[PDB]
Every structure is written in C-alpha cells, then in structure tokens.
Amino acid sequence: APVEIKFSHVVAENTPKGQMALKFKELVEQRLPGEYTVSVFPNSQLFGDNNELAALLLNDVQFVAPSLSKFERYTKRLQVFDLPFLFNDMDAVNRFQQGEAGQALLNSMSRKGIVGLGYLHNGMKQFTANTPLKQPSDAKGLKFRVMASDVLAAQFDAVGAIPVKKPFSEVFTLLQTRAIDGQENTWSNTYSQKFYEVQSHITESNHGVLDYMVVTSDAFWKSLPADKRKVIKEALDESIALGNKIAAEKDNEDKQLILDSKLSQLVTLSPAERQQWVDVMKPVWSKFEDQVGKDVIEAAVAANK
C-alpha cells in the first residue's frame, strides 16, 4: 500500500486552508503515485482544536495547520501574532513572517517535537455581535468566544468583555443559542460557517490576524527518505502559495456574499473610532511584552512601515 499521510483541520473545504490541504493531496498523488497518498479530514471530522496537536505528536495525523493562537502549550513565542492591532494588514503580517524573527518562529517548537513548515494566511479578524461595536464601550459585559489563547482572552478583558475559550467546531451553535454574544473571525470563516446568520452586526475592525502555521512531527518528518521528503516539502510549499492566493480572494468574495444576503449589518469604523480601539488594546501588549520579547514586538511594528 502507498504510505497514507493524514492532514486534518477544523475549517470548511471551500476556504484557504481547505483548498491548501486538497492542493497538497493533488500534488503529492500526482508526483508520487503509488508511493504516498494524502487523506484530508476537514471540519474537525478526525481531530479538532483541542486534540489535534496531541494527535500530531502521537503520529495519529501527519500534518495540521492550527491558528498561530493555538500553540501556547508548546511555546509562548507565537503569542506575538495575537496582539491586537499589531499588524495594519496582511502585507505587514507577511513581511514579519518572511523576516528573520518570523522565520525563526517556525522552529520555536522543534525541541517539543513540532516542525514548522510554513505560514498559511487566512485574513484579518472582524468582530461580530448582536450590536454595533463602534467603540470599546460597546463591548462591555458581552461574552465573546475566543480561540484558546491567553492573549485573546486579555484582548476582551481590556474592554470589560467576558472571553470564553471554545473549540472552533462549537462556535456556530454557541452564537445560535446565545450562549455567547459575539466572536472574532475572518470573512471566510464567518461566511463558510454561517456566523452571519446568527449575528445581527459585523464590525469591520481588522483588529488582529488569523493565520496558520503548517506543522508536522519531527518523528514523522525524520521517518521519510530524504528524496521523498524533498518532493513532499515542495508540494507543501506550492500548496501554501495557492492557499495564500485563495485567502486573499475569499476575503473579498466572502465579505460581498455576506453583504448580498442582507442578514447582517456591516458596521464601519471612523478613523477616530478605530484609534479608540487601538488605544485601549495597547495595554495587552504591555501585559505580554516579557513573554513575547520587546525586540520581537518592535520587529513586528516595523513591518508595518
């Protein structure tokens, strides 16, 4: 039998990560026919947020691509990516990722058995709730789901909101049932998971980045013969490039599809409104500056300019 390579993730198929994973499957099976096959498991059908990294290290799955927010059990260094309003836009994110500090972060978990293979984009996060979030005061007392990140919890603490860490697979139902008031996510996730059907208002805040690290286990990666590993790595690189293109396309397409539905009201921030949000969030950077490194924050800030 060909060696089966399993790739699990938590998103819908028709998304940047969903498409990256399928492109990787296509390229491996084209270039190494009969030698390797890639099985892709979207929508948390095999492993979900809470168990995927444990599964990876057990070699129950060979590739995963978690949000950069979801690595705190293995390193505190990736917390930089969660800081609110650190990056102006995806161009700045990419520059930071491709610079020396960003490249070094790919190896931040290597002694824990996790090999960083590349960064894959999704997009900037927007707030949703059942009220406009024009100013920080509008979030006070509201319950927001967050990815399992202390930085993201602190982001909501900073405005007197109540953060709740929950796996991605639960978010739609939590919103639907009003167990939570709101959440934060990209247009692509908001559209593909139908969050906009159970939230009356989406505020275009662009207040943080949701990106991924594509990872494998050291044990699996070392178990490959070097020539086959090189072919697999090149296929992965090409799949990430395609996924990044899709990410940018979906960010525009899916915003428009949400607007077309007329089910959720878009809320835009004035410059002064945005600045109020920026200012109230800066203390989150101060809370984490030691763990993350002042030097690393400064490298990220400089990537904007």
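For every residue, the number given is its place in the sequence shown, counted from 1.
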Legend entry - Between 70-78 and 186-194 (mean CA B-factor, as deposited), the higher: 70-78
Inset, instruction - Would you determine, from the values in the PDB entry, which of 278-286 and 9-17 has the greater average C-alpha temperature factor? - result: 278-286
Inset, instruction - Please pick out which of 265, 44, 239, 62 has the largest Cα B-factor as recorded in the entry. - result: 265
Inset, instruction - Between 95, 111, 165, 125, let me know which has the highest C-alpha B-factor in the entry? - result: 111
Legend entry - Third of the chain, ranked by Cα B-factor, where residue 211 sits: lowest
Legend entry - CA B-factor ranking of residue 260, expressed as a third of its chain: highest
Legend entry - Modelled-residue ranking by C-alpha temperature factor, third containing residue 220: highest
Legend entry - residue 253 by Cα B-factor - lowest, middle or highest third of the modelled chain: middle
Inset, instruction - Taking the chain's C-alpha temperature factors as the reference, tell me which third residue 145 falls into: lowest, middle or highest. - result: lowest
